[PDB]
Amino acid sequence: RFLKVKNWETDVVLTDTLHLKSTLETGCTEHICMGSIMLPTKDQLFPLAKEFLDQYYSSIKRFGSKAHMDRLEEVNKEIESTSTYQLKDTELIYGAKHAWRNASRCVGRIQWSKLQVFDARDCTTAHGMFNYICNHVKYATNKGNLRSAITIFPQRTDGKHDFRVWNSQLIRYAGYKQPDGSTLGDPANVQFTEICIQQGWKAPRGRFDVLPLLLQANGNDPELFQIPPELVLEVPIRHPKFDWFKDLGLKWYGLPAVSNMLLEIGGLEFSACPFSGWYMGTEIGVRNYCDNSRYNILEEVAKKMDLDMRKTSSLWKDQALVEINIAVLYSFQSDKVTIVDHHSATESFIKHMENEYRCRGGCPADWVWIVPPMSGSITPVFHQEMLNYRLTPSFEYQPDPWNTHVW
């Protein structure tokens, strides 16, 4: 019941006791592992609230205290009467930070305690949501010196007045399927891009068009808004040696801001909780640019580098891949925009894991997601065994709203 994890490069062994607090299912069983699978009532609520509040008061060293007991009863009576309850600001902050701390797929959790939390629970309309969002983007961007932040909108009530940010991230590029049959822009956003058009947006039909926010407040139909262009920091991509690189016409936005996840704290569900930190280089250079279903620029770059693309064994794709990633990092650093390379980030994650095992008894981690998409084994996490389990507070996936909204 006390599992051990070993690093096969340093031989360091850590013992995990934290996993014994996990409640939710992993998708795996004694017969089958689903580790590589992407997506594996008043009576229900109070126990969840109790679990959360107990961990909260324990964190502030007041477990068992009258305050602890008083709060517990207050919430209890609130659920019995209102069928729900409201978190204190302190509980909200502690909850959001811990949902990040518990995110097993995030390699940047060494930064978890520094999260800026924006309480938007007083929001009532989409226009109010737009305002809170612009403020988050401006705050988080900080002229290039990115600061992690989350903005939390009202919690779910009966499920028919949910607040939702239809976008997958606050800032993304549109995608349109052209006559040729090809795709212009980001193929990943082809569908969302049309839903925007399907009701208003006027697309420049470019390769890198910033999508408009489609905000849904109180269950009402979503409304479009253009993020003040001046608030969207973008970085033109060039290479520190290949002067022809800039000719590729490539750029990427500086703020990664997941906006479609669900934040669960003490049983409460916050369906609109956009958060942002900063990029790990490979996210852009390896995945966004080189995935065959994304901008898929490997061939173009290989051709400009004049590499023998006749055979796979010449490793031309690999050589081009490295160059594209050196460019991305070079470009962001040159424009003084925060970004971290996979070596540095993974090194920090190992440090974080050790801290967590020492001070918390463990660190849920998903190896499949933690190991960078390029040069896996030359990063320390590849050699690190990890135990994946679910702890709450948590960030969860949720269905795209267009597949559930009743207009």
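Residues carry their position along the shown sequence, with the first being 1.
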Between neighbours residue 41 and residue 40, residues that the deposited sequence lists but the model omits: 10 or more
Mean C-alpha temperature factor, higher of 336-344 and 55-63: 55-63
Which of 65-73 and 367-375 has higher mean CA B factor, as the PDB entry lists it: 65-73
Residue selected from 184, 255, 329, 92 by maximal Cα B factor: 184
207, 127, 105, 143, ranked by C-alpha B-factor: the highest one: 207
Ranked C-alpha temperature factor of residue 382 among modelled chain residues, by third: lowest
Third of chain Cα B-factors occupied by residue 83: highest
B-factor third for the C-alpha atom of residue 291 within its chain: middle
Residue 147, C-alpha B-factor rank within chain (lowest, middle or highest third): lowest
Assigned third (lowest, middle, highest) for the C-alpha B factor of residue 313: middle
